[PDB]
Amino acid sequence: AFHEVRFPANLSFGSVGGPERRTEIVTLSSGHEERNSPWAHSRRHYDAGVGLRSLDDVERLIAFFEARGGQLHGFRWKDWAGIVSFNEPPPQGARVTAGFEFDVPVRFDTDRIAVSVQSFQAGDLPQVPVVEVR
Amino acid sequence: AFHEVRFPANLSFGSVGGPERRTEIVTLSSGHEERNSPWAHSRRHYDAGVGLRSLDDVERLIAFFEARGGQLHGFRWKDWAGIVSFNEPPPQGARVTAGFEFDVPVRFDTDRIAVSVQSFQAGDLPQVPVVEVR
Amino acid sequence: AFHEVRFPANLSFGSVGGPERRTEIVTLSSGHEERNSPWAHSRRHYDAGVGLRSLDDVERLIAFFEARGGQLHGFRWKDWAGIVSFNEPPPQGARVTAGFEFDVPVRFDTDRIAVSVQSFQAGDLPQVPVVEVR
Amino acid sequence: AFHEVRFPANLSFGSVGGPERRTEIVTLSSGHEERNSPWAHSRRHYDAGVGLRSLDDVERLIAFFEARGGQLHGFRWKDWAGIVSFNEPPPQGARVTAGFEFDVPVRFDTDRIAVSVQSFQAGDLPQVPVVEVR
Amino acid sequence: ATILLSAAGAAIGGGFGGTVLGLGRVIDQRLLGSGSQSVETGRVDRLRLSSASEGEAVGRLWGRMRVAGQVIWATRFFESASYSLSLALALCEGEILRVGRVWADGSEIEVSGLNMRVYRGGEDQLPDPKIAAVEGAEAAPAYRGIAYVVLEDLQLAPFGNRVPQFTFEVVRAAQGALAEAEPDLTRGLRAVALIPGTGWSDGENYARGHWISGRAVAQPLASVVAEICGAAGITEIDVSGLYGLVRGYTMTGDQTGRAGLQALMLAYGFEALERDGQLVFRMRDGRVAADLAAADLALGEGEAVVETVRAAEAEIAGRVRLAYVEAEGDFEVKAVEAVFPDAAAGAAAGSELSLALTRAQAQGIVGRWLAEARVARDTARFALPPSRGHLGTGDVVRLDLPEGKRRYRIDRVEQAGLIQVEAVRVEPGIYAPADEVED
Amino acid sequence: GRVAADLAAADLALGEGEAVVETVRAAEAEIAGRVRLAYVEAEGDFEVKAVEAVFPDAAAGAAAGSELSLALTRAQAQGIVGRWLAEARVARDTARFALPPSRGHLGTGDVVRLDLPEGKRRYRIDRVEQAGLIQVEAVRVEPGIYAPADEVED
Amino acid sequence: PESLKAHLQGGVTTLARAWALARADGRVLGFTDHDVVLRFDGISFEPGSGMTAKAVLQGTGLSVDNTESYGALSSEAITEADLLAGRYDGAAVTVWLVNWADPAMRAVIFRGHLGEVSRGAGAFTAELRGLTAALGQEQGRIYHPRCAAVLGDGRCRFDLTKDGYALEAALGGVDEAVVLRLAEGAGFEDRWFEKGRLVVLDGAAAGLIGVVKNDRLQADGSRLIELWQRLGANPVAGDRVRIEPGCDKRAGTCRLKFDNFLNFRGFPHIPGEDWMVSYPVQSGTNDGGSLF
Amino acid sequence: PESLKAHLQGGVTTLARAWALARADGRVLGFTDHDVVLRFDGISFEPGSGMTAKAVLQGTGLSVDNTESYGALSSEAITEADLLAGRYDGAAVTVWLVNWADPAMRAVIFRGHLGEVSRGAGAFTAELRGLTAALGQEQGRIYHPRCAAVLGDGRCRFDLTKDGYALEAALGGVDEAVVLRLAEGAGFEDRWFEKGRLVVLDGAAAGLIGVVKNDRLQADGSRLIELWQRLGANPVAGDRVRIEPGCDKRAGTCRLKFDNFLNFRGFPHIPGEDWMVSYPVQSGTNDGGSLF
Amino acid sequence: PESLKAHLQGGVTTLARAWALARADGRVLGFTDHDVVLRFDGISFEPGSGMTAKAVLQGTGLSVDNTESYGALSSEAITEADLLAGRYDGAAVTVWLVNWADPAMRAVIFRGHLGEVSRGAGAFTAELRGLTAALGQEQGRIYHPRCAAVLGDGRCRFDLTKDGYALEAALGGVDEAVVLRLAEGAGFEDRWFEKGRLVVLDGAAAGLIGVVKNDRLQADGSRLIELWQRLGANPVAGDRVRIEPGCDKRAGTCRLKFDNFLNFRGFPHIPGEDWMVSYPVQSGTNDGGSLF
Ligand code: SF4
Ligand code: SF4
Ligand code: SF4
């Protein structure tokens with residue numbers, strides 16, 4: 001786990017991601033249901049990042065996966081979407097922030113990455129999913 | 001179960017959903033077959049909601065899933081489609097409304113959501129399937 | 001394992017490939033989870049090469065798979081993307097180069113190849129996935 | 001096995017095919033690999049032939065599958081791509097030719113064929129894969 | 001039309017009948033390991049009785065061990081006036097050495113009192129005994145293979161007047177084509193003499209004394225396991241790595257062939273390895289042949305470099321038992337047990353071996369099993385590449401880990417071009433003499 | 001061995017395993033080289049006896065015996081064990097084919113001639129499972145097995 | 001592997017599987033994965049058949065090893081009229097793992113015994129039982145009142161050619177391969193050989209063993225003989241058979257027909273259970289005799 | 001559940017699973033699904049490991065219950081050098097089903113015994129045998145002529161510290177964790193303790209039990225002692241062991257070396273089968289004696 | 001098939017499956033695949049239920065045949081309040097394979113016995129055990145000192161109506177279908193019938209058999225009787241039951257209450273094991289007597 005950097009600045013339009021829950025459920029077949037939640041929290045689970053710049057940006061991006069990545073390190077993630085609460089219901093969010101200001105430490109959900117060449121200097125990679133391990 | 005709010009007002013064209021019937025069935029290989037249902041109601045089972053507004057609407061929408069949501073709470077749902085009966089047959093609907101005026105309390109059929117950024121201010125999420133648990 | 005040649009010069013736009021990490025993982029259903037990798041390197045795992053030239057280039061390319069290929073030989077691979085380190089984190093890459101100057105000896109990930117004729121002189125083959133075996 | 005004819009002359013743009021190998025492989029999980037080849041040869045494995053002419057050409061093509069075909073006969077195959085060697089590496093191809101001049105005796109990889117009518121006189125069939133049994 | 005829940009029926013028979021075609025037991029399975037299925041073996045015969053029917057099978061034995069025999073050709077009771085018979089009791093097959101120390105129903109009868117004529121049962125085809133000239137020469141049976149003992153004018157007076165159950169100490173030398181090559185004592189001696197003499201006495205150094213009375217009978221373990229595969233027909237048998245003394249094993253007829261051999265695999269622990277077509281029977285040791293590091297295993301099926309299974313504590317065989325035969329005195333069923341001091345609270349696991357061995361040796365064997373069965377809790381399930389395929393199916397792997405460097409002997413090698421292994425934990429110090437005192 | 005079917009090879013249905021006739025020949029190491037009984041004497045003093053039949057080529061092993069509690073004479077017991085040792089080596093071959101419901105009158109115990117290009121070997125059938133496609137696990141049966149052995153007596 | 005480790009420790013390896021089976025008849029058959037015919041011994045391994053080589057298993061236990069060895073049957077190959085008739089039963093194999101670049105770099109994976117062969121759909125599938133197939137079987141004698149051995153056996157040596165005992169005559173009238181007419185019936189007793197070896201040494205059934213029954217001569221020395229079982233290959237009414245004489249395996253038939261009553265290996269008297277629990281009553285016959 | 005039914009009958013529930021295992025050593029370990037560290041007893045349940053909680057089964061029959069309980073091994077956690085050496089064997093668990101909002105709303109699903117633990121691929125999988133594991137095992141004595149009990153047992157109480165019997169000395173020369181040199185060999189007989197408890201109470205192997213063999217002192221009281229089995233954790237040539245004396249479990253070794261021949265719990269004489277069916281012959285020795 | 005081979009050898013065939021089950025009560029039920037109600041016998045096969053007809057199996061061995069026969073339960077049909085109460089147990093079926101164009105072209109596939117019926121999810125699944133279900137069961141008497149037969153049995157014929165033995169009275173006070181008040185209790189002894197047949201011949205439970213216990217009359221001839229088991233159908237406090245008298249199956253209760261001590265079919269004396277191995281001591285009672 002690191003505190004190394006946010007990310008390369010570029011993120012394409014389509015960087016999707018939202019919180020998860022396990023919340024297993026029985027669906028009582030002759031009436032309503034009853035369902036349990038063991039989390040009290042949520043994995044933010046950001047997906048579908050895309051790097052799109054010159055090939056000068058690519059070699060600092062492929063080794064972003066490699067050098068400080070490996071598999072098992074932080075690389076605090078920037079959200080385009082210390083405790084934050086959500087007060088728009090009379091309930092509350094009250095979800096903690098271990099890192100400062102929406103920085104949500106994560107890890108990539110990939111055994112490999114796949115960078116493509118689109119033109120003499122175009123570097124693309126279609127997806128880098130994350131799940132924000134604590 | 002809550003009585004918190006309807007929803008964000010915006011819903012895209014394509015918000016699908018219609019009643020779901022157990023309809024346990026035998027399918028005799030001879031021919032005609034019998035069947036019965038144990039509900040005497042119908043889960044309305046609304047799907048494919050889409051939030052589309054600015055990013056100011058997104059942070060009150062992502063924590064809508066989180067804060068009063070979790071997984072297991074009401075958030076009464078607005079239908080664009082106290083007891084209502086349906087008299088267009090000589091049979092009857094006679095289906096109850098626990099909440100007032102088509103408000104059908106539900107829950108989202110998702111372990112996670114997936115909000116996307118499509119431009120500097122565009123916030124999109126493709127689907128939030130519900131089932132109106134009693 | 002050979003030191004025979006790089007490759008035919010031509011590679012189409014879309015020659016994808018990036019490092020692949022074992023990343024053995026436990027995925028505890030509680031929440032956060034631990035992980036470790038036994039490599040201390042990363043298989044570069046290049047894919048989607050395409051030969052596109054005249055049919056004069058094809059007979060030196062189909063037997064490239066056959067003659068020095070077979071399945072189990074080197075044919076040092078040219079990357080369009082002696083020890084190289086990656087210093088953009090305070091961590092390090094420090095990944096070795098057995099061959100000189102980005103030449104990454106590989107093997108094709110195919111039991112067969114599939115060359116197509118698209119016109120009197122056009123020779124195409126859609127993919128030759130490699131993995132850079134040491 | 002026959003020596004009957006090459007084929008109908010017409011072949012559409014897209015007649016794909018290239019050599020195969022079994023070359024089973026273990027991928028030693030904590031380092032490099034080791035892999036075996038039992039062939040010393042290669043099945044050329046041509047696919048995706050298409051007949052496209054008038055319906056006068058079709059009846060000499062549907063019974064090409066039937067009359068001298070059956071299933072288990074030669075019909076020497078023409079390649080648009082006595083021992084031929086490949087000398088572009090310092091290794092060698094040295095692959096034999098039982099038939100003369102790139103004629104690669106094969107068999108169709110089909111239990112059935114499927115000829116279509118595209119217009120009053122257009123005859124099409126999308127694929128006839130072969131593997132060149134010895 | 002659709003199929004019923006005999007989809008479970010066709011899953012068994014013969015869905016699983018094809019398996020065992022091509023393939024107390026409480027402690028028998030752990031000692032062979034994952035290994036293979038331990039066949040039911042050696043319910044030890046106590047109260048050896050002789051049944052005169054026609055459905056009992058021909059016994060076989062190797063060395064000094066009592067066998068019941070059975071009646072063949074008894075004449076009618078003859079009253080002298082107070083009875084007399086002419087028995088013939090057939091002990092076992094093959095050429096044997098002489099039968100001494102006959103004791104009937106009860107304690108002991110002196111063989112000098114009898115008129116018995118022992119026979120070796122020679123393939124030379126010994127003629128008629130001429131006591132069967134009661135029958136006459138024209139119908140006198142002349143048994144070739146079996147080693148019968150006739151009895152002449154036997155007075156039935158001291159033991160009731162009924163026929164008593166006779167039991168006979170028999171000495172049988174191990175035979176077979178591997179046995180006639182490489183002769184041990186029983187013909188290898190070729191004249192020992194040197195009778196110490198020089199006359200309750202000084203037998204406290206008999207277990208360490210140079211003289212060979214009594215233990216000259218006992219056949220080496222090499223030829224007895226060679227006799228089994230010889231009788232089964234495997235002449236390709238390789239047995240130079242075996243080092244043991246048998247001292248009176250006994251399996252009956254129709255004892256499966258292998259189930260008679262499998263009792264020896266519990267006592268002396270040997271591999272029955274079969275690297276090549278030789279079927280090498282080597283004695284099991286801890287001599288490490290592999291030295292794998294953790295970096296040198298292949299990618300398995302379950303995508304784990306080394307799956308390591310530790311068995312349940314509730315089933316560790318806290319105390320182990322035997323049912324050996326006394327082998328020095330009057331041959332009787334005995335029992336010793338080895339009890340682990342920390343966990344004696346349960347898990348008794350005993351088995352019965354029909355061979356004959358002494359008193360300090362039995363406590364040595366059960367002391368060896370209780371150590372081994374707790375060592376063989378750990379099993380490993382890894383895959384190693386065919387780059388080193390010379391790991392035969394019975395070798396033992398050092399298997400360096402980051403935490404431990406624990407040895408593993410291997411079983412159930414299934415390769416197809418990727419040698420995948422079910423090992424088991426084996427230490428070297430298990431296979432030693434226990435060095436215990438005697439009775 | 002009275003044959004009721006007379007199938008040619010052209011007249012079998014398409015089975016499950018997509019083979020017209022799967023033919024299994026059992027292992028040589030398990031053929032019951034010598035067979036045994038435990039009958040009762042039935043003429044004299046009723047006592048347990050035993051006879052055995054030994055095949056001359058392969059006598060090297062595979063003793064397979066069973067015990068029948070009935071009473072029968074001496075030449076009959078050697079007749080029975082002479083019949084089993086012939087039958088158990090005949091019944092090594094089993095066939096696993098499917099025949100169409102166009103001829104469903106093949107009852108579960110009938111015997112099929114089953115003409116092949118190579119052999120024309122009879123087969124008695126077992127384990128008929130049809131559902132509208134009679135699929136058969138046959139077994140090889142010859143007619144000459146079921147005869148008196150014609151042996152002398154005691 | 002035996003000193004191909006220098007070849008094998010390199011990742012660049014080329015070991016192609018190959019095996020030879022020796023039938024019960026003297027001929028062997030060759031099989032290889034290499035796709036080119038190769039040989040190292042005088043076997044000439046053919047890639048035209050055999051060889052899928054699926055997953056040889058092992059075990060320190062006495063249980064056999066197994067390999068199903070999927071392949072093809074053809075006229076050069078096993079051809080399945082050979083297999084069905086009764087050959088390939090105790091066929092002995094050795095599987096090899098040869099280097100096709102240099103066939104002197106090889107070893108044996110196991111030497112098998114090929115137990116169960118399942119042929120079907122124009123192919124064959126043959127389970128290779130391991131070295132330890134013979135273990136796991138019952139061998140013994142049960143003191144029964146007959147004999148226990150075959151004629152050629154060591155426990156009863158006979159010199160089966162010592163006189164006019166064997167019937168060497170060539171065959172005619174094969175009919176349904178159970179009835180055999182035999183032109184030269186005459187020369188022996190009626191019902192002389194009732195349990196004998198019908199070894200047929202010529203023609204289609206070459207070296208194939210059946211057992212006789214119903215040795216009856218109907219007219220002028222015809223000697224119509226049945227068999228228990230079919231030969232599995234049709235004799236062609238010109239083959240040469242030899243039939244060893246029949247042994248009833250009984251003391252009376254032993255000593256009368258044959259001289260070898262000494263080498264009996266049987267148990268004629270064997271008193272019985274009721275004798276054993278009997279106590280001697282002092283009435284009637286209590287003098288020494290046969291008890292028969 | 002015990003009076004959380006008011007919480008549970010509502011569909012809005014939040015019961016997060018959690019369990020504690022108590023090792024054979026006094027320490028416990030904590031595990032929870034809740035993803036936040038919580039505790040109700042002094043256990044401090046950690047969500048860093050453990051906890052997949054797959055399908056506890058039940059049965060009115062004596063057969064055990066089971067739960068495979070997939071998880072993770074780490075330095076805070078089990079760490080698997082602890083597990084392999086011989087700990088966690090008879091580890092006792094309780095699985096709980098706590099409310100994470102209020103941990104006073106909980107019950108026990110079962111109290112288990114954790115029989116089979118299979119670790120691999122950087123994780124562990126541990127079958128939780130049920131409460132009835134001890135039933136289904138054989139317990140008994142078989143009248144054998146040795147003793148039957150251990151030294152500390154109630155059937156033979158000894159007061160194992162009563163004199164200079166135990167060897168308390170600290171260890172040197174651990175070598176391959178089977179041979180142990182022991183600096184203070186001198187103080188006892190040669191081959192005094194041959195079946196004893198090598199309890200090692202310091203260092204790496206803390207409270208770990210092995211069994212001695214080959215108690216031999218080579219020079220100046222070295223006392224080189226072997227063991228049957230490895231300790232599984234290497235002692236560091238500075239640890240303190242104590243070795244209780246060795247019992248051969250025999251009447252002669254009982255009364256001579258130890259005083260406690262009264263508490264024997266063994267069966268020395270036990271005449272035999274041949275005595276039982278013997279009828280008394282009136283010859284030779286028939287006066288009252290030892291029969292030994 | 002029986003002479004529909006002319007219909008069947010043509011590829012154009014139309015054989016639609018159909019079967020009838022005869023319940024333990026006299027009524028039968030009809031079932032067909034044909035989708036139109038058809039009949040050939042007086043059964044009126046209905047396609048409203050039954051009939052999936054999955055895979056009848058066969059075997060020369062004594063093992064049964066089987067067919068699971070998936071279908072539907074409805075008010076015309078089995079209706080499952082009939083099935084649960086105890087009917088359809090030994091229900092006998094015949095499966096037919098009729099031509100729907102001409103129902104005179106039919107045969108029987110098997111005649112079954114319908115062993116295991118599993119109903120659920122608004123449907124039923126009923127395993128059709130084959131003809132050989134009765135084989136495979138243990139039948140015998142074990143020389144026990146009671147009787148062995150039922151009252152109506154051939155081994156003890158009784159003429160169960162011969163006097164005022166049976167209690168024919170109509171029922172009141174059914175309560176929980178175990179207690180039965182019975183208005184006409186009076187007419188018999190207290191505790192007269194303790195093992196009898198409560199055949200109920202009217203109303204809901206029509207022809208349903210239970211066994212009595214606790215025949216006690218509390219006041220004015222009430223005769224409150226329990227049963228071992230529920231009838232499975234509630235009697236409606238107006239039904240007519242008849243109760244045959246109770247047999248304790250003992251010699252004293254045989255001859256006293258009933259006259260039929262001759263037809264005993266039991267084994268009263270049966271000395272014992274200890275008698276058998278006993279040798280006669282010449283002390284005490286050794287004169288001829290009862291040994292009781
Ligand atoms: S009768 Fe004689 S020759 Fe024939 S089997 Fe018996 S002993 Fe051998
Ligand atoms: S010898 Fe004495 S102290 Fe030792 S185990 Fe036996 S009874 Fe107990
Ligand atoms: S007591 Fe009489 S009537 Fe009753 S069961 Fe016994 S024999 Fe039959």
# chains A, B, ... in the order shown; residues from 1 in each chain; ligands from 1
>>> residues_near_ligand(ligand="ligand 2", cutoff="6 Å", atoms="only C-alpha atoms and all ligand atoms", output="list in words")
residues 147, 149, 150, 151, 156, 247, 249, 250, 254, 260, 261, 263, 264 and 265 of chain H
>>> write_last_selection(atoms="N, CA and C atoms", output="short mmCIF file (atom, residue, chain, number, x, y, z; two decimals), in the first residue's frame")
data_model
loop_
_atom_site.label_atom_id
_atom_site.label_comp_id
_atom_site.auth_asym_id
_atom_site.auth_seq_id
_atom_site.Cartn_x
_atom_site.Cartn_y
_atom_site.Cartn_z
N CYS H 147 1.53 -52.04 29.78
CA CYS H 147 0.62 -51.09 30.41
C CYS H 147 -0.31 -50.50 29.36
N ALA H 149 -1.56 -46.82 30.04
CA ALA H 149 -1.76 -45.40 30.31
C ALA H 149 -0.48 -44.61 30.10
N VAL H 150 -0.62 -43.30 29.98
CA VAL H 150 0.51 -42.37 29.96
C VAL H 150 0.88 -42.03 31.40
N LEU H 151 1.98 -41.31 31.58
CA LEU H 151 2.52 -41.07 32.92
C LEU H 151 1.63 -40.14 33.74
N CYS H 156 -2.71 -44.07 36.08
CA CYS H 156 -1.42 -44.18 36.75
C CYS H 156 -0.90 -42.80 37.10
N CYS H 247 8.86 -44.43 30.07
CA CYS H 247 8.24 -45.65 30.55
C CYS H 247 8.15 -46.66 29.44
N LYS H 249 6.47 -49.25 29.75
CA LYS H 249 5.14 -49.82 29.95
C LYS H 249 5.21 -51.32 30.14
N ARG H 250 6.14 -51.76 30.98
CA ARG H 250 6.31 -53.17 31.29
C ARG H 250 6.56 -53.32 32.78
N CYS H 254 8.44 -51.09 35.10
CA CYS H 254 7.57 -50.34 36.00
C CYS H 254 8.13 -50.31 37.41
N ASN H 260 5.81 -46.90 41.23
CA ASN H 260 4.37 -47.06 41.09
C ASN H 260 4.00 -48.34 40.36
N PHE H 261 4.24 -49.48 40.98
CA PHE H 261 3.79 -50.74 40.40
C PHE H 261 2.36 -51.06 40.78
N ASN H 263 -0.29 -48.90 40.64
CA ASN H 263 -1.17 -48.32 39.63
C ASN H 263 -0.81 -48.82 38.25
N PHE H 264 -0.93 -50.12 38.00
CA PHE H 264 -0.31 -50.65 36.79
C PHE H 264 -1.19 -50.44 35.57
N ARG H 265 -2.48 -50.76 35.69
CA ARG H 265 -3.47 -50.68 34.60
C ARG H 265 -3.03 -51.49 33.39
#
>>> interface_residues(of="chain G", to="chain F", cutoff="7 Å", atoms="only C-alpha atoms", output="PDB file with N, CA and C atoms, in the first residue's frame")
ATOM      1  N   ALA G  81     -11.302 -57.627 -36.916  1.00  0.00           N
ATOM      2  CA  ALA G  81     -11.645 -59.026 -37.116  1.00  0.00           C
ATOM      3  C   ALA G  81     -10.588 -59.897 -36.475  1.00  0.00           C
ATOM      4  N   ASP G  89      -5.498 -60.366 -26.410  1.00  0.00           N
ATOM      5  CA  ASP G  89      -6.039 -60.456 -25.059  1.00  0.00           C
ATOM      6  C   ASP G  89      -4.978 -60.134 -24.025  1.00  0.00           C
ATOM      7  N   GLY G  90      -3.942 -60.956 -23.949  1.00  0.00           N
ATOM      8  CA  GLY G  90      -2.870 -60.695 -23.020  1.00  0.00           C
ATOM      9  C   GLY G  90      -1.750 -59.966 -23.717  1.00  0.00           C
ATOM     10  N   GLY G 115      -5.688 -54.293 -20.761  1.00  0.00           N
ATOM     11  CA  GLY G 115      -6.777 -55.138 -20.305  1.00  0.00           C
ATOM     12  C   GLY G 115      -8.036 -54.968 -21.135  1.00  0.00           C
ATOM     13  N   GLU G 116      -8.684 -53.820 -21.023  1.00  0.00           N
ATOM     14  CA  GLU G 116     -10.016 -53.622 -21.589  1.00  0.00           C
ATOM     15  C   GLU G 116      -9.906 -52.822 -22.870  1.00  0.00           C
ATOM     16  N   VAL G 117     -10.347 -53.408 -23.978  1.00  0.00           N
ATOM     17  CA  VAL G 117     -10.385 -52.711 -25.256  1.00  0.00           C
ATOM     18  C   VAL G 117     -11.833 -52.546 -25.691  1.00  0.00           C
ATOM     19  N   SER G 118     -12.241 -51.295 -25.846  1.00  0.00           N
ATOM     20  CA  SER G 118     -13.576 -50.930 -26.285  1.00  0.00           C
ATOM     21  C   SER G 118     -13.476 -50.317 -27.662  1.00  0.00           C
ATOM     22  N   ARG G 119     -13.979 -51.015 -28.661  1.00  0.00           N
ATOM     23  CA  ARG G 119     -13.925 -50.523 -30.025  1.00  0.00           C
ATOM     24  C   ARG G 119     -15.315 -50.086 -30.431  1.00  0.00           C
ATOM     25  N   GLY G 120     -15.387 -49.031 -31.227  1.00  0.00           N
ATOM     26  CA  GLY G 120     -16.659 -48.518 -31.676  1.00  0.00           C
ATOM     27  C   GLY G 120     -16.501 -47.313 -32.570  1.00  0.00           C
ATOM     28  N   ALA G 121     -17.497 -47.088 -33.437  1.00  0.00           N
ATOM     29  CA  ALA G 121     -17.576 -45.936 -34.341  1.00  0.00           C
ATOM     30  C   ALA G 121     -16.363 -45.835 -35.262  1.00  0.00           C
ATOM     31  N   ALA G 133      -1.322 -56.188 -12.759  1.00  0.00           N
ATOM     32  CA  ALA G 133      -2.657 -56.700 -13.023  1.00  0.00           C
ATOM     33  C   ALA G 133      -2.849 -58.076 -12.412  1.00  0.00           C
ATOM     34  N   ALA G 134      -1.788 -58.880 -12.381  1.00  0.00           N
ATOM     35  CA  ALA G 134      -1.918 -60.258 -11.924  1.00  0.00           C
ATOM     36  C   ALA G 134      -2.179 -60.319 -10.428  1.00  0.00           C
ATOM     37  N   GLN G 137      -5.819 -61.057  -8.014  1.00  0.00           N
ATOM     38  CA  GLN G 137      -6.568 -62.207  -8.481  1.00  0.00           C
ATOM     39  C   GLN G 137      -6.402 -63.355  -7.496  1.00  0.00           C
ATOM     40  N   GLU G 138      -7.364 -64.263  -7.489  1.00  0.00           N
ATOM     41  CA  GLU G 138      -7.338 -65.411  -6.598  1.00  0.00           C
ATOM     42  C   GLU G 138      -6.644 -66.569  -7.299  1.00  0.00           C
ATOM     43  N   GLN G 139      -5.617 -67.132  -6.664  1.00  0.00           N
ATOM     44  CA  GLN G 139      -4.959 -68.345  -7.146  1.00  0.00           C
ATOM     45  C   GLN G 139      -4.899 -69.349  -6.007  1.00  0.00           C
ATOM     46  N   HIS G 144     -10.304 -80.342  -3.946  1.00  0.00           N
ATOM     47  CA  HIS G 144     -11.457 -80.975  -4.553  1.00  0.00           C
ATOM     48  C   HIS G 144     -11.079 -82.357  -5.078  1.00  0.00           C
ATOM     49  N   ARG G 146     -11.296 -83.954  -7.812  1.00  0.00           N
ATOM     50  CA  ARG G 146     -10.773 -84.169  -9.146  1.00  0.00           C
ATOM     51  C   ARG G 146      -9.260 -83.955  -9.169  1.00  0.00           C
ATOM     52  N   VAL G 150      -3.654 -78.817 -15.877  1.00  0.00           N
ATOM     53  CA  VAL G 150      -3.812 -79.089 -17.300  1.00  0.00           C
ATOM     54  C   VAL G 150      -2.764 -80.110 -17.718  1.00  0.00           C
ATOM     55  N   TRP G 228     -17.025 -76.104 -27.137  1.00  0.00           N
ATOM     56  CA  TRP G 228     -17.761 -75.251 -26.222  1.00  0.00           C
ATOM     57  C   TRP G 228     -18.090 -73.926 -26.874  1.00  0.00           C
ATOM     58  N   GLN G 229     -17.093 -73.278 -27.443  1.00  0.00           N
ATOM     59  CA  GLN G 229     -17.257 -71.917 -27.900  1.00  0.00           C
ATOM     60  C   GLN G 229     -16.791 -71.819 -29.336  1.00  0.00           C
TER      61      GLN G 229
END
>>> closest_residue(among="G:152, G:245, G:209, G:175", to="residue 258 in chain G", atoms="only C-alpha atoms")
G:245
>>> residues_around(residues="residue 82 in chain H", least_positions_apart="3", cutoff="10 Å", atoms="only C-alpha atoms", output="list in words")
residues 403 of chain E; 75, 77, 78, 79, 85, 86, 87, 88, 204, 205, 232 and 233 of chain H
>>> interface_residues(of="chain E", to="chain F", cutoff="9 Å", atoms="only C-alpha atoms", output="PyMOL selection string")
chain E and resi 1-3+53-55+231-233+254
>>> select_by_dssp(residues="range 163-272 of chain I", states="alpha helix (DSSP H)", output="ChimeraX atom specification")
/I:251-257
>>> closest_residue(among="A:97, A:27, A:37, A:92", to="chain C", atoms="only C-alpha atoms")
A:37
>>> interface_residues(of="chain B", to="chain H", cutoff="8 Å", atoms="only C-alpha atoms", output="JSON, numbers by chain")
{"B": [1, 72, 73]}
>>> select_by_dssp(residues="chain D", states="strand (DSSP E)", output="list in words")
residues 35, 36, 51, 52, 53, 83, 84, 95, 96, 116, 117, 118, 119, 122, 123, 124 and 125 of chain D
>>> closest_residue(among="D:131, D:106, D:52, D:96", to="residue 119 in chain D", atoms="only C-alpha atoms")
D:52
>>> interface_residues(of="chain E", to="chain D", cutoff="7 Å", atoms="only C-alpha atoms", output="PyMOL selection string")
chain E and resi 295-299+385+387+418
